[PDB]
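Visitor: Contents of protein_4.pdb (PDB, C-alpha atoms) are below:
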```pdb
ATOM      1  CA  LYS Q   3      32.880   2.928  19.484
ATOM      2  CA  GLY Q   4      29.221   3.750  20.191
ATOM      3  CA  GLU Q   5      29.638   2.433  23.736
ATOM      4  CA  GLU Q   6      32.132   5.241  24.552
ATOM      5  CA  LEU Q   7      29.191   7.671  24.334
ATOM      6  CA  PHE Q   8      27.514   6.045  27.375
ATOM      7  CA  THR Q   9      30.280   5.861  30.015
ATOM      8  CA  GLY Q  10      28.821   8.806  31.955
ATOM      9  CA  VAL Q  11      25.441  10.477  32.527
ATOM     10  CA  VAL Q  12      23.758  11.386  29.254
ATOM     11  CA  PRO Q  13      20.866  13.874  28.893
ATOM     12  CA  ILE Q  14      17.765  12.435  27.238
ATOM     13  CA  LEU Q  15      14.932  14.101  25.320
ATOM     14  CA  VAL Q  16      11.800  12.240  24.278
ATOM     15  CA  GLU Q  17       9.166  13.577  21.879
ATOM     16  CA  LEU Q  18       6.019  11.628  20.972
ATOM     17  CA  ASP Q  19       3.061  12.375  18.721
ATOM     18  CA  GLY Q  20       0.179   9.982  19.096
ATOM     19  CA  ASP Q  21      -3.267   9.262  17.701
ATOM     20  CA  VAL Q  22      -5.369   6.567  19.403
ATOM     21  CA  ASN Q  23      -8.868   5.981  18.027
ATOM     22  CA  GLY Q  24      -8.640   9.580  16.733
ATOM     23  CA  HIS Q  25      -7.598  11.086  20.077
ATOM     24  CA  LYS Q  26      -4.514  13.097  19.170
ATOM     25  CA  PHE Q  27      -1.910  13.933  21.756
ATOM     26  CA  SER Q  28       1.734  14.832  22.302
ATOM     27  CA  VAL Q  29       4.208  13.993  25.081
ATOM     28  CA  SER Q  30       7.563  15.535  25.833
ATOM     29  CA  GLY Q  31      10.068  13.961  28.188
ATOM     30  CA  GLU Q  32      13.399  14.969  29.726
ATOM     31  CA  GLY Q  33      15.848  13.238  31.937
ATOM     32  CA  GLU Q  34      19.113  11.371  31.942
ATOM     33  CA  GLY Q  35      20.548   7.920  31.575
ATOM     34  CA  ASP Q  36      23.529   6.258  33.204
ATOM     35  CA  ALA Q  37      24.169   2.987  31.367
ATOM     36  CA  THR Q  38      26.931   2.040  33.801
ATOM     37  CA  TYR Q  39      24.053   1.353  36.223
ATOM     38  CA  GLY Q  40      21.303   0.706  33.683
ATOM     39  CA  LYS Q  41      19.549   3.688  35.240
ATOM     40  CA  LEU Q  42      16.999   6.057  33.688
ATOM     41  CA  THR Q  43      15.351   9.011  35.347
ATOM     42  CA  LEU Q  44      12.706  10.655  33.185
ATOM     43  CA  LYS Q  45       9.753  13.033  33.509
ATOM     44  CA  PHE Q  46       7.065  13.139  30.780
ATOM     45  CA  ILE Q  47       4.444  15.810  30.226
ATOM     46  CA  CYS Q  48       1.357  15.605  28.043
ATOM     47  CA  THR Q  49       1.730  18.917  26.191
ATOM     48  CA  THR Q  50      -1.747  18.773  24.582
ATOM     49  CA  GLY Q  51      -3.726  18.548  27.881
ATOM     50  CA  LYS Q  52      -5.137  15.248  29.202
ATOM     51  CA  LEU Q  53      -3.524  12.082  27.976
ATOM     52  CA  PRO Q  54      -6.303   9.963  26.283
ATOM     53  CA  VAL Q  55      -4.728   6.660  27.272
ATOM     54  CA  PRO Q  56      -3.147   5.431  30.498
ATOM     55  CA  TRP Q  57       0.423   6.524  31.144
ATOM     56  CA  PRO Q  58       1.440   2.933  31.876
ATOM     57  CA  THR Q  59       0.578   1.907  28.326
ATOM     58  CA  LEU Q  60       3.138   4.400  26.968
ATOM     59  CA  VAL Q  61       6.114   3.509  29.212
ATOM     60  CA  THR Q  62       7.629   0.997  26.792
ATOM     61  CA  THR Q  63       7.259   3.373  23.826
ATOM     62  CA  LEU Q  64       8.652   6.396  25.629
ATOM     63  CA  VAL Q  68      15.895   4.123  25.015
ATOM     64  CA  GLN Q  69      17.289   0.641  25.467
ATOM     65  CA  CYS Q  70      20.718   2.016  24.640
ATOM     66  CA  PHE Q  71      20.865   2.780  28.367
ATOM     67  CA  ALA Q  72      20.854  -0.929  29.277
ATOM     68  CA  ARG Q  73      23.630  -2.111  31.511
ATOM     69  CA  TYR Q  74      25.362  -4.840  29.542
ATOM     70  CA  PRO Q  75      27.587  -7.007  31.818
ATOM     71  CA  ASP Q  76      31.204  -6.878  30.738
ATOM     72  CA  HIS Q  77      31.021 -10.475  29.484
ATOM     73  CA  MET Q  78      28.009  -9.558  27.279
ATOM     74  CA  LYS Q  79      29.266  -6.304  25.801
ATOM     75  CA  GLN Q  80      29.647  -7.858  22.304
ATOM     76  CA  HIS Q  81      25.818  -8.247  22.251
ATOM     77  CA  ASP Q  82      24.867  -4.599  22.714
ATOM     78  CA  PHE Q  83      23.309  -3.647  19.386
ATOM     79  CA  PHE Q  84      21.812  -0.475  20.722
ATOM     80  CA  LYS Q  85      25.002   1.312  21.651
ATOM     81  CA  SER Q  86      26.865  -0.049  18.596
ATOM     82  CA  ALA Q  87      24.423   1.842  16.362
ATOM     83  CA  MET Q  88      25.309   5.191  17.982
ATOM     84  CA  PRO Q  89      25.745   8.059  17.404
ATOM     85  CA  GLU Q  90      23.870   7.729  14.095
ATOM     86  CA  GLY Q  91      21.203   5.720  15.893
ATOM     87  CA  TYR Q  92      18.461   3.252  15.116
ATOM     88  CA  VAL Q  93      14.846   3.064  14.121
ATOM     89  CA  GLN Q  94      12.772   1.230  16.736
ATOM     90  CA  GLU Q  95       9.409  -0.096  15.539
ATOM     91  CA  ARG Q  96       6.746  -1.940  17.489
ATOM     92  CA  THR Q  97       3.339  -3.418  17.318
ATOM     93  CA  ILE Q  98       1.727  -3.676  20.725
ATOM     94  CA  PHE Q  99      -1.378  -5.889  20.860
ATOM     95  CA  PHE Q 100      -3.594  -5.214  23.871
ATOM     96  CA  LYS Q 101      -5.372  -8.538  24.450
ATOM     97  CA  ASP Q 102      -9.116  -8.285  23.621
ATOM     98  CA  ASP Q 103      -8.612  -4.666  22.646
ATOM     99  CA  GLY Q 104      -6.765  -2.395  20.208
ATOM    100  CA  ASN Q 105      -3.166  -2.105  19.178
ATOM    101  CA  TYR Q 106      -0.435   0.472  19.028
ATOM    102  CA  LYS Q 107       1.991   0.707  16.096
ATOM    103  CA  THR Q 108       5.021   2.822  16.878
ATOM    104  CA  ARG Q 109       8.017   4.109  14.952
ATOM    105  CA  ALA Q 110      10.873   5.952  16.646
ATOM    106  CA  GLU Q 111      14.297   7.196  15.750
ATOM    107  CA  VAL Q 112      16.783   7.074  18.573
ATOM    108  CA  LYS Q 113      20.028   8.992  18.009
ATOM    109  CA  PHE Q 114      22.359  11.591  19.410
ATOM    110  CA  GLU Q 115      21.792  15.269  18.759
ATOM    111  CA  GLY Q 116      25.091  16.539  20.041
ATOM    112  CA  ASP Q 117      25.560  15.250  23.543
ATOM    113  CA  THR Q 118      21.846  14.524  23.997
ATOM    114  CA  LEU Q 119      20.216  11.157  23.343
ATOM    115  CA  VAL Q 120      16.909  11.831  21.565
ATOM    116  CA  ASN Q 121      13.929   9.492  21.134
ATOM    117  CA  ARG Q 122      11.466  10.863  18.506
ATOM    118  CA  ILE Q 123       8.315   8.746  18.209
ATOM    119  CA  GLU Q 124       5.085   8.501  16.278
ATOM    120  CA  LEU Q 125       2.351   6.260  17.706
ATOM    121  CA  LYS Q 126      -0.894   5.160  16.033
ATOM    122  CA  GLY Q 127      -3.513   3.216  18.004
ATOM    123  CA  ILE Q 128      -6.571   1.604  16.447
ATOM    124  CA  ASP Q 129      -9.467  -0.739  17.255
ATOM    125  CA  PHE Q 130      -9.689   0.203  20.945
ATOM    126  CA  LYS Q 131     -12.886  -0.276  22.896
ATOM    127  CA  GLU Q 132     -14.321   2.982  24.263
ATOM    128  CA  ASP Q 133     -15.158   1.279  27.563
ATOM    129  CA  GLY Q 134     -12.139  -1.066  27.594
ATOM    130  CA  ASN Q 135      -9.222  -0.956  29.986
ATOM    131  CA  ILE Q 136      -7.217   1.493  27.836
ATOM    132  CA  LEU Q 137      -9.719   4.173  26.761
ATOM    133  CA  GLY Q 138     -11.607   3.553  30.056
ATOM    134  CA  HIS Q 139      -8.479   4.278  32.142
ATOM    135  CA  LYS Q 140      -8.790   1.143  34.240
ATOM    136  CA  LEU Q 141      -5.061   0.351  34.592
ATOM    137  CA  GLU Q 142      -3.099   0.769  37.822
ATOM    138  CA  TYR Q 143      -0.273   3.316  37.958
ATOM    139  CA  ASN Q 144       2.649   1.820  39.830
ATOM    140  CA  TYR Q 145       5.193  -0.560  38.397
ATOM    141  CA  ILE Q 146       5.999  -2.545  35.274
ATOM    142  CA  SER Q 147       8.640  -5.264  35.260
ATOM    143  CA  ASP Q 148       9.441  -7.806  32.564
ATOM    144  CA  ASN Q 149      12.028  -9.270  30.188
ATOM    145  CA  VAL Q 150      12.661  -8.077  26.603
ATOM    146  CA  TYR Q 151      13.702 -11.134  24.569
ATOM    147  CA  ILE Q 152      16.192 -10.137  21.852
ATOM    148  CA  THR Q 153      17.339 -11.972  18.738
ATOM    149  CA  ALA Q 154      19.450 -10.976  15.724
ATOM    150  CA  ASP Q 155      17.907  -9.857  12.392
ATOM    151  CA  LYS Q 156      20.790 -10.300   9.954
ATOM    152  CA  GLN Q 157      18.706  -9.301   6.884
ATOM    153  CA  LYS Q 158      18.089  -5.787   8.249
ATOM    154  CA  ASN Q 159      21.456  -5.667  10.090
ATOM    155  CA  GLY Q 160      19.458  -5.294  13.281
ATOM    156  CA  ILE Q 161      17.465  -7.034  15.963
ATOM    157  CA  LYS Q 162      13.977  -8.182  16.809
ATOM    158  CA  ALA Q 163      12.486  -8.471  20.254
ATOM    159  CA  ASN Q 164       9.351  -9.820  21.797
ATOM    160  CA  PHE Q 165       7.873  -9.505  25.252
ATOM    161  CA  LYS Q 166       4.679  -9.322  27.248
ATOM    162  CA  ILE Q 167       3.613  -6.635  29.649
ATOM    163  CA  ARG Q 168       1.014  -7.711  32.235
ATOM    164  CA  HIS Q 169      -0.697  -4.431  33.171
ATOM    165  CA  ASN Q 170      -2.601  -4.693  36.453
ATOM    166  CA  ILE Q 171      -6.229  -3.583  36.181
ATOM    167  CA  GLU Q 172      -7.849  -1.721  39.065
ATOM    168  CA  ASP Q 173     -10.408  -4.584  39.620
ATOM    169  CA  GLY Q 174      -7.520  -7.000  40.227
ATOM    170  CA  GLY Q 175      -7.256  -8.483  36.730
ATOM    171  CA  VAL Q 176      -4.645  -8.213  33.962
ATOM    172  CA  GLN Q 177      -4.468  -6.359  30.694
ATOM    173  CA  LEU Q 178      -1.880  -8.099  28.571
ATOM    174  CA  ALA Q 179       0.133  -6.104  26.050
ATOM    175  CA  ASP Q 180       2.070  -8.334  23.664
ATOM    176  CA  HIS Q 181       5.019  -6.439  22.149
ATOM    177  CA  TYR Q 182       6.736  -7.173  18.845
ATOM    178  CA  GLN Q 183       9.794  -5.083  18.137
ATOM    179  CA  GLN Q 184      12.321  -4.468  15.389
ATOM    180  CA  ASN Q 185      15.397  -2.202  15.449
ATOM    181  CA  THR Q 186      17.421  -1.281  12.415
ATOM    182  CA  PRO Q 187      20.474   0.943  12.269
ATOM    183  CA  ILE Q 188      20.209   4.403  10.684
ATOM    184  CA  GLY Q 189      23.883   4.523   9.664
ATOM    185  CA  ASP Q 190      25.757   2.113   7.381
ATOM    186  CA  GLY Q 191      28.619   1.186   9.786
ATOM    187  CA  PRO Q 192      29.092  -2.151  11.513
ATOM    188  CA  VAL Q 193      26.793  -3.019  14.352
ATOM    189  CA  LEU Q 194      26.861  -5.769  16.897
ATOM    190  CA  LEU Q 195      24.423  -8.539  16.045
ATOM    191  CA  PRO Q 196      23.682 -10.326  19.273
ATOM    192  CA  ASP Q 197      23.202 -13.885  20.422
ATOM    193  CA  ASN Q 198      19.801 -14.402  21.991
ATOM    194  CA  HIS Q 199      19.485 -12.668  25.365
ATOM    195  CA  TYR Q 200      17.115 -10.475  27.317
ATOM    196  CA  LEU Q 201      16.824  -7.115  29.030
ATOM    197  CA  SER Q 202      15.473  -7.309  32.564
ATOM    198  CA  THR Q 203      13.594  -4.021  32.949
ATOM    199  CA  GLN Q 204      11.923  -2.501  36.015
ATOM    200  CA  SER Q 205       9.934   0.707  35.681
ATOM    201  CA  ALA Q 206       8.622   2.660  38.727
ATOM    202  CA  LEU Q 207       5.954   5.245  38.009
ATOM    203  CA  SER Q 208       5.270   8.228  40.268
ATOM    204  CA  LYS Q 209       3.970  11.799  40.352
ATOM    205  CA  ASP Q 210       5.668  15.155  40.874
ATOM    206  CA  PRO Q 211       3.632  16.597  43.743
ATOM    207  CA  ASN Q 212       4.191  20.123  42.368
ATOM    208  CA  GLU Q 213       3.197  19.365  38.808
ATOM    209  CA  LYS Q 214      -0.327  20.239  37.746
ATOM    210  CA  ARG Q 215       0.009  19.122  34.115
ATOM    211  CA  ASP Q 216      -0.775  15.518  33.206
ATOM    212  CA  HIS Q 217       2.593  13.800  33.633
ATOM    213  CA  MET Q 218       4.589  10.737  34.563
ATOM    214  CA  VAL Q 219       7.816  10.456  36.561
ATOM    215  CA  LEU Q 220       9.762   7.334  35.658
ATOM    216  CA  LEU Q 221      12.633   5.607  37.435
ATOM    217  CA  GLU Q 222      13.802   2.661  35.397
ATOM    218  CA  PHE Q 223      16.524   0.045  35.523
ATOM    219  CA  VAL Q 224      17.500  -1.979  32.475
ATOM    220  CA  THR Q 225      19.993  -4.870  32.654
ATOM    221  CA  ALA Q 226      21.065  -7.336  29.955
ATOM    222  CA  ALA Q 227      21.031 -10.989  31.040
ATOM    223  CA  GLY Q 228      20.674 -14.545  29.794
ATOM    224  CA  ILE Q 229      24.252 -15.297  28.711
ATOM    225  CA  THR Q 230      26.342 -17.070  31.381
TER     226      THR Q 230
END
```
Translate the structure described by the file into structure tokens.
Guide:
Amino acid sequence: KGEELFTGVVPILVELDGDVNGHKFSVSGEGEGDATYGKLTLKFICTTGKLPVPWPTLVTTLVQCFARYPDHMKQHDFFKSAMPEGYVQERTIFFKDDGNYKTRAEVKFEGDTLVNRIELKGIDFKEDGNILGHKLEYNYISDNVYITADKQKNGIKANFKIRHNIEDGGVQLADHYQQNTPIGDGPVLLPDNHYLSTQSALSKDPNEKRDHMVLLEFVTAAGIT
């Protein structure tokens, strides 16, 4: 039933409030998602001025309900099954040899619009590290979100690694641990193990003077034959 809500192009709103080593900030995003093609087009603006962390470190935090699930895998799509009432998405993101983010979001429909409301707290970052030092490249992120059922919370868990390229040529690893739980009390689809293959392309609006990120993203479920 939730899947019916995603057969066409759906407007998306994202709202994030963050605090990283005491640097407070907000981001607003708008765009649209077309789950038929696993396609997301989003533009984010830092509404508080300069973003105190690198945009690439926020991509994963800033709507996996827009994944393209192959027809033969549609029984494994937790995210859509939770809609319209939605789900809580929680993560801990451990930046190797640096701080961590803890995030909590509610993802649900408000009318025809899919809304992602997030709070992010980051702690234990190094002032001259790759995050607070803004040493990460701004280009592309691509990896696999490994999903497994969480029957006790009627939800899912996921784990994955993001290998952020550093401007000197190195890598800043960000190990993600994720849990999603439905907001409503109705049945949800609890999946067999699988993954989401996700590719995120980051760019700039040449006419935009505020601190911002343009995102073109594709998300495809895979791993079941």
Visitor: With only C-alpha atoms as the counted atoms, please give the residues lying no more than 9 Å from region 104-107 of chain Q, apart from itself and same-chain residues fewer than 5 positions off, as number ranges by chain.
Guide: Q: 22-23, 95-99, 124-131, 136, 179
Visitor: Which residues fall under the PyMOL selection byres ((chain Q and resi 20) around 12) in this file, as number ranges by chain?
Guide: Q: 17-19, 21-30, 48-50, 53-55, 60, 63-64, 106-110, 122-128
Visitor: Point out the residue among Q:209, Q:45, Q:101, Q:181 with the least atom-to-atom distance to residue 151 (chain Q), counting only C-alpha atoms.
Guide: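 Among Q:209, Q:45, Q:101, Q:181, it is Q:181 that comes nearest to residue 151 (chain Q).
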Visitor: Which residues, written as an NGL selection string, have at least one atom at most 8 Å from region 227-230 of chain Q, with all atoms listed in the file counted and residues fewer than 3 positions away on the same chain left out?
Guide: :Q and (74-75 or 78 or 198-202)
Visitor: Have a look at Q:133, Q:82, Q:213, Q:173 and name the one nearest to residue 161 (chain Q); count all atoms listed in the file.
Guide: Q:82
Visitor: Contacts between region 143-146 of chain Q and region 59-105 of chain Q, please, where a residue of region 59-105 of chain Q counts if it comes within 10 Å (with all atoms listed in the file); show its shortest atom pair and distance in Å to one decimal, rows by chain and ascending number, as CSV.
Guide:
```
residue,atom,partner,partner_atom,distance
Q:59,CA,Q:143,CA,9.8
Q:61,CA,Q:146,CA,8.6
Q:62,CA,Q:146,CA,9.3
```
Visitor: Nearest to residue 163 (chain Q) among Q:180, Q:132, Q:115, Q:142, with distances taken over all atoms listed in the file: which residue is it?
Guide: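 Ranking Q:180, Q:132, Q:115, Q:142 by distance to residue 163 (chain Q), first place goes to Q:180.
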Visitor: Looking at only C-alpha atoms, which of Q:68, Q:152, Q:47, Q:14 is the one that sits closest to residue 216 (chain Q)?
Guide: Q:47
Visitor: What separation in Å, quoted to one decimal, exists between CA of residue 186 (chain Q) and CA of residue 81 (chain Q)?
Guide: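 Taking CA of residue 186 (chain Q) as the start and CA of residue 81 (chain Q) as the end point, the length is 14.7 Å.
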Visitor: Expanded to explicit residues, what is the PyMOL selection byres ((chain Q and resi 210) around 12) for this file, as a PyMOL selection string?
Guide: chain Q and resi 44-47+207-209+211-220
Visitor: Decode the PyMOL selection byres ((chain Q and resi 158) around 9) for the given file into explicit residues and return them as a list in words.
Guide: residues 155, 156, 157, 159, 160, 161, 185, 186 and 187 of chain Q
Visitor: CA of residue 149 (chain Q) and CA of residue 90 (chain Q), how far apart in Å?
Guide: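 Atom-to-atom, CA of residue 90 (chain Q) and CA of residue 149 (chain Q) are spaced 26.2 Å apart.
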Visitor: Give as a compact mmCIF listing (two decimals) with C-alpha atoms, in the frame of the given file the set of residues within 10 Å of the point (23.9, 5.3, 21.0), where distances use the file's coordinates and all atoms listed in the file.
Guide:
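Just written: out_9.txt:
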```
# COMPACT_ATOMS: atom_id res chain seq x y z
CA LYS Q 3 32.88 2.93 19.48
CA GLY Q 4 29.22 3.75 20.19
CA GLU Q 5 29.64 2.43 23.74
CA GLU Q 6 32.13 5.24 24.55
CA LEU Q 7 29.19 7.67 24.33
CA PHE Q 8 27.51 6.04 27.38
CA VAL Q 68 15.90 4.12 25.02
CA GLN Q 69 17.29 0.64 25.47
CA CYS Q 70 20.72 2.02 24.64
CA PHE Q 71 20.86 2.78 28.37
CA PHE Q 83 23.31 -3.65 19.39
CA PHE Q 84 21.81 -0.48 20.72
CA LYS Q 85 25.00 1.31 21.65
CA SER Q 86 26.86 -0.05 18.60
CA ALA Q 87 24.42 1.84 16.36
CA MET Q 88 25.31 5.19 17.98
CA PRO Q 89 25.74 8.06 17.40
CA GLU Q 90 23.87 7.73 14.10
CA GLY Q 91 21.20 5.72 15.89
CA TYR Q 92 18.46 3.25 15.12
CA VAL Q 112 16.78 7.07 18.57
CA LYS Q 113 20.03 8.99 18.01
CA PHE Q 114 22.36 11.59 19.41
CA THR Q 118 21.85 14.52 24.00
CA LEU Q 119 20.22 11.16 23.34
CA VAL Q 120 16.91 11.83 21.56
```
Visitor: Please measure the separation of CA of residue 147 (chain Q) and CA of residue 168 (chain Q), giving the value in Å to one decimal.
Guide: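 Going from CA of residue 147 (chain Q) over to CA of residue 168 (chain Q), I get 8.6 Å.
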Visitor: Q:80, Q:43, Q:9, Q:204: which is nearest residue 224 (chain Q), counting all atoms listed in the file?
Guide: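 Nearest candidate to residue 224 (chain Q) out of Q:80, Q:43, Q:9, Q:204: Q:204.
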Visitor: With distances taken over all atoms listed in the file, which residue among Q:94, Q:135, Q:121, Q:164 lies nearest residue 176 (chain Q)?
Guide: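 Nearest to residue 176 (chain Q): Q:135.
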